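Enquirer: What follows is input-v2.pdb, PDB, C-alpha atoms.
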ATOM      1  CA  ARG A   1     -52.326 151.151  21.199
ATOM      2  CA  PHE A   2     -51.545 153.678  18.470
ATOM      3  CA  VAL A   3     -48.563 156.128  18.731
ATOM      4  CA  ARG A   4     -47.605 158.840  16.133
ATOM      5  CA  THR A   5     -44.778 158.134  13.576
ATOM      6  CA  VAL A   6     -41.198 159.310  14.452
ATOM      7  CA  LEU A   7     -41.180 161.410  11.183
ATOM      8  CA  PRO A   8     -44.576 162.607   9.736
ATOM      9  CA  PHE A   9     -45.109 161.890   5.965
ATOM     10  CA  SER A  10     -48.327 164.067   5.922
ATOM     11  CA  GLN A  11     -48.957 167.688   7.215
ATOM     12  CA  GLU A  12     -51.461 168.979   4.613
ATOM     13  CA  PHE A  13     -54.414 168.483   6.987
ATOM     14  CA  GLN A  14     -54.707 172.271   7.457
ATOM     15  CA  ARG A  15     -57.236 172.136  10.269
ATOM     16  CA  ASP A  16     -59.496 175.057  11.135
ATOM     17  CA  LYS A  17     -58.700 177.821  13.629
ATOM     18  CA  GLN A  18     -59.583 177.287  17.278
ATOM     19  CA  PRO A  19     -62.534 179.561  18.194
ATOM     20  CA  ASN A  20     -62.095 181.617  21.357
ATOM     21  CA  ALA A  21     -64.923 182.116  23.835
ATOM     22  CA  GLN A  22     -65.600 183.044  27.439
ATOM     23  CA  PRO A  23     -64.818 180.497  30.183
ATOM     24  CA  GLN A  24     -68.532 180.033  30.906
ATOM     25  CA  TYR A  25     -69.123 178.540  27.453
ATOM     26  CA  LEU A  26     -66.167 176.281  28.308
ATOM     27  CA  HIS A  27     -65.989 173.939  31.331
ATOM     28  CA  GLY A  28     -67.040 176.963  33.406
ATOM     29  CA  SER A  29     -63.997 178.873  34.655
ATOM     30  CA  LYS A  30     -60.275 179.345  34.120
ATOM     31  CA  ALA A  31     -59.423 176.988  36.985
ATOM     32  CA  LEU A  32     -61.960 174.403  35.814
ATOM     33  CA  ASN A  33     -60.764 174.714  32.213
ATOM     34  CA  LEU A  34     -57.136 174.224  33.263
ATOM     35  CA  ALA A  35     -58.019 171.251  35.466
ATOM     36  CA  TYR A  36     -60.013 169.552  32.703
ATOM     37  CA  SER A  37     -57.272 170.218  30.144
ATOM     38  CA  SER A  38     -54.719 168.640  32.487
ATOM     39  CA  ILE A  39     -57.049 165.686  33.095
ATOM     40  CA  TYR A  40     -57.591 165.084  29.371
ATOM     41  CA  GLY A  41     -53.983 165.779  28.365
ATOM     42  CA  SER A  42     -52.944 162.162  28.956
ATOM     43  CA  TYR A  43     -54.933 160.880  25.948
ATOM     44  CA  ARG A  44     -53.401 163.333  23.456
ATOM     45  CA  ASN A  45     -50.438 161.148  22.437
ATOM     46  CA  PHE A  46     -52.214 157.813  21.912
ATOM     47  CA  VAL A  47     -55.430 156.192  20.695
ATOM     48  CA  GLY A  48     -56.850 153.158  22.463
ATOM     49  CA  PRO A  49     -59.963 151.354  23.698
ATOM     50  CA  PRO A  50     -61.338 154.509  25.364
ATOM     51  CA  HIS A  51     -61.213 156.450  22.092
ATOM     52  CA  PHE A  52     -62.782 153.570  20.160
ATOM     53  CA  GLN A  53     -65.650 153.196  22.637
ATOM     54  CA  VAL A  54     -66.269 156.955  22.684
ATOM     55  CA  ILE A  55     -66.340 156.959  18.876
ATOM     56  CA  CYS A  56     -68.801 154.059  18.854
ATOM     57  CA  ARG A  57     -71.051 155.787  21.390
ATOM     58  CA  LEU A  58     -71.015 159.068  19.455
ATOM     59  CA  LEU A  59     -71.530 157.444  16.030
ATOM     60  CA  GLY A  60     -74.242 154.955  17.009
ATOM     61  CA  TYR A  61     -74.503 152.806  13.900
ATOM     62  CA  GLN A  62     -74.751 155.319  11.046
ATOM     63  CA  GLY A  63     -71.301 156.756  11.712
ATOM     64  CA  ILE A  64     -69.658 153.339  11.815
ATOM     65  CA  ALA A  65     -71.451 152.225   8.648
ATOM     66  CA  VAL A  66     -70.500 155.323   6.653
ATOM     67  CA  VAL A  67     -66.920 155.338   7.960
ATOM     68  CA  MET A  68     -66.423 151.688   7.003
ATOM     69  CA  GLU A  69     -67.930 152.302   3.561
ATOM     70  CA  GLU A  70     -65.542 155.208   2.964
ATOM     71  CA  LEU A  71     -62.633 153.120   4.263
ATOM     72  CA  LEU A  72     -63.544 150.343   1.826
ATOM     73  CA  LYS A  73     -63.636 152.893  -0.996
ATOM     74  CA  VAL A  74     -60.222 154.243   0.033
ATOM     75  CA  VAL A  75     -58.758 150.732   0.198
ATOM     76  CA  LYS A  76     -60.159 149.954  -3.256
ATOM     77  CA  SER A  77     -58.642 153.157  -4.644
ATOM     78  CA  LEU A  78     -55.239 152.476  -3.070
TER
ATOM     79  CA  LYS B   1     -67.865 172.043   0.529
ATOM     80  CA  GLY B   2     -69.446 172.280   3.971
ATOM     81  CA  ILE B   3     -66.359 173.818   5.543
ATOM     82  CA  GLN B   4     -66.012 176.225   2.613
ATOM     83  CA  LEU B   5     -69.643 177.307   3.014
ATOM     84  CA  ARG B   6     -69.231 177.727   6.767
ATOM     85  CA  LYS B   7     -66.113 179.854   6.294
ATOM     86  CA  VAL B   8     -67.572 182.076   3.571
ATOM     87  CA  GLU B   9     -71.124 182.100   4.985
ATOM     88  CA  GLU B  10     -70.099 183.768   8.232
ATOM     89  CA  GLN B  11     -72.351 185.940  10.396
ATOM     90  CA  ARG B  12     -73.587 189.386   9.396
ATOM     91  CA  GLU B  13     -77.466 198.418  16.659
ATOM     92  CA  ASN B  14     -80.108 199.823  19.026
ATOM     93  CA  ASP B  15     -80.587 196.720  21.180
ATOM     94  CA  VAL B  16     -79.149 196.970  24.682
ATOM     95  CA  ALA B  17     -78.368 193.255  24.834
ATOM     96  CA  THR B  18     -76.247 193.482  21.687
ATOM     97  CA  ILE B  19     -74.308 196.435  23.100
ATOM     98  CA  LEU B  20     -73.580 194.634  26.367
ATOM     99  CA  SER B  21     -72.548 191.491  24.495
ATOM    100  CA  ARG B  22     -70.092 193.616  22.508
ATOM    101  CA  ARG B  23     -68.482 195.143  25.646
ATOM    102  CA  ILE B  24     -67.938 191.778  27.428
ATOM    103  CA  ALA B  25     -66.704 190.078  24.198
ATOM    104  CA  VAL B  26     -64.191 192.983  23.714
ATOM    105  CA  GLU B  27     -62.974 192.597  27.341
ATOM    106  CA  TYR B  28     -62.069 189.141  25.940
ATOM    107  CA  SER B  29     -60.087 188.232  22.782
TER
ATOM    108  CA  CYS C   1     -73.261 145.967  28.302
ATOM    109  CA  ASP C   2     -76.607 147.193  26.993
ATOM    110  CA  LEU C   3     -77.936 143.633  26.905
ATOM    111  CA  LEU C   4     -76.810 143.072  30.487
ATOM    112  CA  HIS C   5     -78.684 146.184  31.553
ATOM    113  CA  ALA C   6     -81.892 145.187  29.712
ATOM    114  CA  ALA C   7     -82.327 141.705  31.308
ATOM    115  CA  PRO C   8     -84.718 142.717  34.145
ATOM    116  CA  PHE C   9     -87.236 144.287  31.739
ATOM    117  CA  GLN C  10     -87.100 141.350  29.280
ATOM    118  CA  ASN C  11     -87.727 138.450  31.710
ATOM    119  CA  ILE C  12     -84.059 137.413  31.465
ATOM    120  CA  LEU C  13     -82.698 135.948  34.700
ATOM    121  CA  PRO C  14     -79.385 134.360  35.735
ATOM    122  CA  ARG C  15     -78.839 130.777  36.842
ATOM    123  CA  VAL C  16     -80.025 130.862  40.454
ATOM    124  CA  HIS C  17     -78.280 128.818  43.130
ATOM    125  CA  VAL C  18     -79.906 125.426  43.762
ATOM    126  CA  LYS C  19     -79.504 123.459  46.996
ATOM    127  CA  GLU C  20     -80.349 119.881  47.919
ATOM    128  CA  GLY C  21     -84.072 119.410  48.461
ATOM    129  CA  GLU C  22     -85.091 122.258  46.156
ATOM    130  CA  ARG C  23     -85.418 121.771  42.399
ATOM    131  CA  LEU C  24     -83.967 124.243  39.909
ATOM    132  CA  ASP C  25     -87.239 124.573  37.986
ATOM    133  CA  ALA C  26     -89.280 125.535  41.057
ATOM    134  CA  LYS C  27     -86.682 128.085  42.182
ATOM    135  CA  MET C  28     -86.545 129.623  38.704
ATOM    136  CA  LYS C  29     -90.346 129.806  38.542
ATOM    137  CA  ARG C  30     -90.515 131.487  41.954
ATOM    138  CA  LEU C  31     -87.796 133.976  40.976
ATOM    139  CA  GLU C  32     -89.612 134.806  37.733
ATOM    140  CA  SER C  33     -92.867 135.290  39.647
ATOM    141  CA  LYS C  34     -91.116 137.638  42.082
ATOM    142  CA  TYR C  35     -89.822 139.772  39.189
ATOM    143  CA  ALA C  36     -93.093 139.595  37.230
ATOM    144  CA  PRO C  37     -94.026 143.269  37.898
ATOM    145  CA  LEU C  38     -90.734 144.464  36.380
ATOM    146  CA  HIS C  39     -91.714 142.983  33.008
ATOM    147  CA  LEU C  40     -92.795 145.768  30.657
ATOM    148  CA  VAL C  41     -94.491 144.261  27.619
ATOM    149  CA  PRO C  42     -96.976 142.128  29.515
ATOM    150  CA  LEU C  43     -97.589 144.900  32.033
ATOM    151  CA  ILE C  44     -98.153 147.404  29.259
ATOM    152  CA  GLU C  45    -100.565 145.056  27.519
ATOM    153  CA  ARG C  46    -102.494 144.596  30.746
ATOM    154  CA  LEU C  47    -102.737 148.347  31.443
ATOM    155  CA  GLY C  48    -102.052 150.253  28.270
ATOM    156  CA  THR C  49    -103.448 152.051  25.249
ATOM    157  CA  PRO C  50    -103.257 150.331  21.853
ATOM    158  CA  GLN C  51    -100.713 152.870  20.577
ATOM    159  CA  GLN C  52     -98.526 152.605  23.682
ATOM    160  CA  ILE C  53     -98.543 148.824  23.437
ATOM    161  CA  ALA C  54     -97.502 148.881  19.798
ATOM    162  CA  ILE C  55     -94.667 151.271  20.538
ATOM    163  CA  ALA C  56     -93.526 149.182  23.486
ATOM    164  CA  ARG C  57     -93.429 146.042  21.391
ATOM    165  CA  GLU C  58     -91.362 147.746  18.726
ATOM    166  CA  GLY C  59     -88.968 149.132  21.301
ATOM    167  CA  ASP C  60     -88.529 145.761  22.947
ATOM    168  CA  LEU C  61     -87.813 144.123  19.632
ATOM    169  CA  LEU C  62     -85.193 146.744  18.793
ATOM    170  CA  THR C  63     -83.603 146.360  22.213
ATOM    171  CA  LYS C  64     -83.292 142.565  22.080
ATOM    172  CA  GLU C  65     -81.744 142.287  18.592
ATOM    173  CA  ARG C  66     -78.097 143.359  18.362
ATOM    174  CA  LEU C  67     -75.074 142.488  16.245
ATOM    175  CA  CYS C  68     -73.442 140.795  19.250
ATOM    176  CA  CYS C  69     -76.141 138.078  19.190
ATOM    177  CA  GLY C  70     -74.181 136.074  16.595
ATOM    178  CA  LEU C  71     -73.526 138.435  13.677
ATOM    179  CA  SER C  72     -70.012 138.883  12.274
ATOM    180  CA  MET C  73     -68.805 141.884  10.285
ATOM    181  CA  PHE C  74     -65.089 141.428   9.486
ATOM    182  CA  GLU C  75     -65.760 138.596   7.023
ATOM    183  CA  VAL C  76     -67.694 140.894   4.680
ATOM    184  CA  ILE C  77     -64.853 143.434   4.720
ATOM    185  CA  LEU C  78     -62.301 140.710   3.982
TER
ATOM    186  CA  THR D   1    -127.645 200.210  47.054
ATOM    187  CA  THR D   2    -128.233 196.739  48.504
ATOM    188  CA  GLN D   3    -129.505 195.393  45.188
ATOM    189  CA  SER D   4    -126.797 196.631  42.810
ATOM    190  CA  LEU D   5    -124.112 195.128  45.051
ATOM    191  CA  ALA D   6    -125.730 191.686  44.859
ATOM    192  CA  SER D   7    -126.051 191.887  41.072
ATOM    193  CA  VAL D   8    -122.410 192.935  40.670
ATOM    194  CA  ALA D   9    -121.236 190.136  42.962
ATOM    195  CA  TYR D  10    -123.294 187.546  41.075
ATOM    196  CA  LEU D  11    -121.973 188.676  37.687
ATOM    197  CA  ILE D  12    -118.367 188.675  38.911
ATOM    198  CA  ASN D  13    -118.777 185.208  40.429
ATOM    199  CA  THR D  14    -120.283 183.750  37.257
ATOM    200  CA  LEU D  15    -117.672 185.356  35.027
ATOM    201  CA  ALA D  16    -114.851 184.243  37.301
ATOM    202  CA  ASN D  17    -116.198 180.698  37.350
ATOM    203  CA  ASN D  18    -116.424 180.666  33.573
ATOM    204  CA  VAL D  19    -112.866 181.897  33.241
ATOM    205  CA  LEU D  20    -111.617 179.234  35.624
ATOM    206  CA  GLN D  21    -113.446 176.524  33.727
ATOM    207  CA  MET D  22    -112.057 177.772  30.421
ATOM    208  CA  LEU D  23    -108.536 177.650  31.798
ATOM    209  CA  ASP D  24    -109.068 174.143  33.125
ATOM    210  CA  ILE D  25    -110.428 172.986  29.789
ATOM    211  CA  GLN D  26    -107.502 174.510  27.936
ATOM    212  CA  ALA D  27    -104.906 173.008  30.251
ATOM    213  CA  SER D  28    -106.455 169.559  29.958
ATOM    214  CA  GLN D  29    -106.509 169.773  26.170
ATOM    215  CA  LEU D  30    -102.883 170.914  26.148
ATOM    216  CA  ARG D  31    -101.969 167.936  28.335
ATOM    217  CA  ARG D  32    -103.811 165.622  25.952
ATOM    218  CA  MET D  33    -101.936 167.120  23.013
ATOM    219  CA  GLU D  34     -98.646 166.635  24.831
ATOM    220  CA  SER D  35     -99.351 162.900  25.045
ATOM    221  CA  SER D  36    -100.115 162.514  21.338
ATOM    222  CA  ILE D  37     -97.017 164.535  20.419
ATOM    223  CA  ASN D  38     -94.854 162.326  22.642
ATOM    224  CA  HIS D  39     -96.268 159.242  20.923
ATOM    225  CA  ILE D  40     -95.440 160.803  17.546
ATOM    226  CA  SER D  41     -91.861 161.500  18.647
ATOM    227  CA  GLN D  42     -91.489 157.919  19.883
ATOM    228  CA  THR D  43     -92.668 156.630  16.506
ATOM    229  CA  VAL D  44     -90.264 158.968  14.693
ATOM    230  CA  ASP D  45     -87.162 157.930  16.619
ATOM    231  CA  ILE D  46     -88.165 154.255  16.402
ATOM    232  CA  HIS D  47     -88.322 154.652  12.621
ATOM    233  CA  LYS D  48     -84.915 156.349  12.635
ATOM    234  CA  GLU D  49     -83.402 153.479  14.628
ATOM    235  CA  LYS D  50     -84.993 151.006  12.209
ATOM    236  CA  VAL D  51     -83.415 152.852   9.275
ATOM    237  CA  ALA D  52     -80.022 152.798  10.999
ATOM    238  CA  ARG D  53     -80.306 149.055  11.633
TER
END
Starting from the file, lay out its structure as structure tokens.

Expert:
Amino acid sequence: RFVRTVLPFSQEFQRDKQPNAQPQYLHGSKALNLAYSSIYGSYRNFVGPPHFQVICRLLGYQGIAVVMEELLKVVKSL
Amino acid sequence: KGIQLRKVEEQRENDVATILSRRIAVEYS
Amino acid sequence: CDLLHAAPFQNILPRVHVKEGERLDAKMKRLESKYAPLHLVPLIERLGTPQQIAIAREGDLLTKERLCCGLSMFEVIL
Amino acid sequence: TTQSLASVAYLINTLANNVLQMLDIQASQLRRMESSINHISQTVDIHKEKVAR
């Protein structure tokens, strides 16, 4: 399993701003949204086999190929 | 470049549907 | 997992139980005959358009060939 | 009065029949097109999977 570092050495990610929308466009309602957020809140602080399998399913083969190529480039640069 | 384009190239009346969509979106934030 | 799911439609069967008096080959042949309708390729060829048959063959080929069939990928990265 | 009614009924029947046949012909052709288009889509995604492999 992967767990975050005790002191971060990188915070320049500067992610985008979360877009707000009605509950219907979300899981469906405030209660449903809260329930799903609570359900999925256990995976926030770690990365494991579930995340890897979801990534594989979502990236098929093209995503894995391109990600590994970029990782090889990064390793070569470093 | 894609994220920069998406940020800058954002979105840009006498249609009832548009007016209603405005009221409900305003009742939200 | 995908390969396990695709066995019935590719004439892939498990090792059936064999008891004294009955030979393994005869039992396997009978089991294959029982599942003959489930087979796609031959069925499509028997009752199918030329275009449909070609597509089916291509699909079957894509389905049966996977990296897990004896292809390694970490060695190239190393 | 008896005649005119028969003529009108005959014309309406023929016209109605023709319209029904036209609709049937169109629907069948649309169905046929839907099969060819599905075959094209199958070929396209098969090619995409081949490229990915």

Enquirer: Would you list which chain A residues are within 10 Å of chain C using only C-alpha atoms, as a PyMOL selection string?

Expert: chain A and resi 68-69+71-72

Enquirer: Could you list, as a list in words, every residue within 12 Å of residue 18 in chain C, counting only C-alpha atoms and ignoring same-chain residues fewer than 6 positions away?

Expert: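 So, after excluding close chain neighbours, the residues are residues 24, 25, 26, 27, 28 and 31 of chain C.
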
Enquirer: Just checking: using only C-alpha atoms, which residue out of B:11, B:18, B:29, B:4 ends up closest to chain A?

Expert: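 Smallest distance to chain A is found for B:29.
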
Enquirer: Give me, please, the distance in Å between CA of residue 15 in chain A and CA of residue 10 in chain B, quoted to one decimal.

Expert: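 Distance between the two atoms: 17.5 Å.
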
Enquirer: With the file shown as input, list the residues that the PyMOL selection byres ((chain D) within 12 of (chain A)) selects, as number ranges by chain.

Expert: D: 48-53

Enquirer: For range 52-64 of chain A, which lacks atoms in the input, supply N, CA and C atoms and format the output as a PDB file, keeping the file's coordinate frame.

Expert:
ATOM      1  N   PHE A  52     -61.916 154.377  21.013  1.00  0.00           N
ATOM      2  CA  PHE A  52     -62.782 153.570  20.160  1.00  0.00           C
ATOM      3  C   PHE A  52     -64.196 153.492  20.726  1.00  0.00           C
ATOM      4  N   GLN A  53     -64.322 153.280  22.038  1.00  0.00           N
ATOM      5  CA  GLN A  53     -65.650 153.196  22.637  1.00  0.00           C
ATOM      6  C   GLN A  53     -66.368 154.537  22.584  1.00  0.00           C
ATOM      7  N   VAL A  54     -65.641 155.640  22.793  1.00  0.00           N
ATOM      8  CA  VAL A  54     -66.269 156.955  22.684  1.00  0.00           C
ATOM      9  C   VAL A  54     -66.756 157.187  21.260  1.00  0.00           C
ATOM     10  N   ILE A  55     -65.948 156.797  20.271  1.00  0.00           N
ATOM     11  CA  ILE A  55     -66.340 156.959  18.876  1.00  0.00           C
ATOM     12  C   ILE A  55     -67.589 156.138  18.581  1.00  0.00           C
ATOM     13  N   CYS A  56     -67.623 154.895  19.065  1.00  0.00           N
ATOM     14  CA  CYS A  56     -68.801 154.059  18.854  1.00  0.00           C
ATOM     15  C   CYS A  56     -70.038 154.688  19.482  1.00  0.00           C
ATOM     16  N   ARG A  57     -69.907 155.185  20.714  1.00  0.00           N
ATOM     17  CA  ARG A  57     -71.051 155.787  21.390  1.00  0.00           C
ATOM     18  C   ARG A  57     -71.548 157.016  20.639  1.00  0.00           C
ATOM     19  N   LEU A  58     -70.627 157.845  20.147  1.00  0.00           N
ATOM     20  CA  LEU A  58     -71.015 159.068  19.455  1.00  0.00           C
ATOM     21  C   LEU A  58     -71.542 158.815  18.049  1.00  0.00           C
ATOM     22  N   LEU A  59     -71.137 157.720  17.404  1.00  0.00           N
ATOM     23  CA  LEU A  59     -71.530 157.444  16.030  1.00  0.00           C
ATOM     24  C   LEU A  59     -72.656 156.421  15.916  1.00  0.00           C
ATOM     25  N   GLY A  60     -73.086 155.834  17.032  1.00  0.00           N
ATOM     26  CA  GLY A  60     -74.242 154.955  17.009  1.00  0.00           C
ATOM     27  C   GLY A  60     -73.999 153.776  16.092  1.00  0.00           C
ATOM     28  N   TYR A  61     -74.717 153.763  14.975  1.00  0.00           N
ATOM     29  CA  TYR A  61     -74.503 152.806  13.900  1.00  0.00           C
ATOM     30  C   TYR A  61     -74.271 153.475  12.559  1.00  0.00           C
ATOM     31  N   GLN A  62     -74.914 154.621  12.315  1.00  0.00           N
ATOM     32  CA  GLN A  62     -74.751 155.319  11.046  1.00  0.00           C
ATOM     33  C   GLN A  62     -73.303 155.743  10.836  1.00  0.00           C
ATOM     34  N   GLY A  63     -72.672 156.305  11.873  1.00  0.00           N
ATOM     35  CA  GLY A  63     -71.301 156.756  11.712  1.00  0.00           C
ATOM     36  C   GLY A  63     -70.361 155.615  11.387  1.00  0.00           C
ATOM     37  N   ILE A  64     -70.507 154.490  12.095  1.00  0.00           N
ATOM     38  CA  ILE A  64     -69.658 153.339  11.815  1.00  0.00           C
ATOM     39  C   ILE A  64     -69.894 152.843  10.396  1.00  0.00           C
TER      40      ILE A  64
END
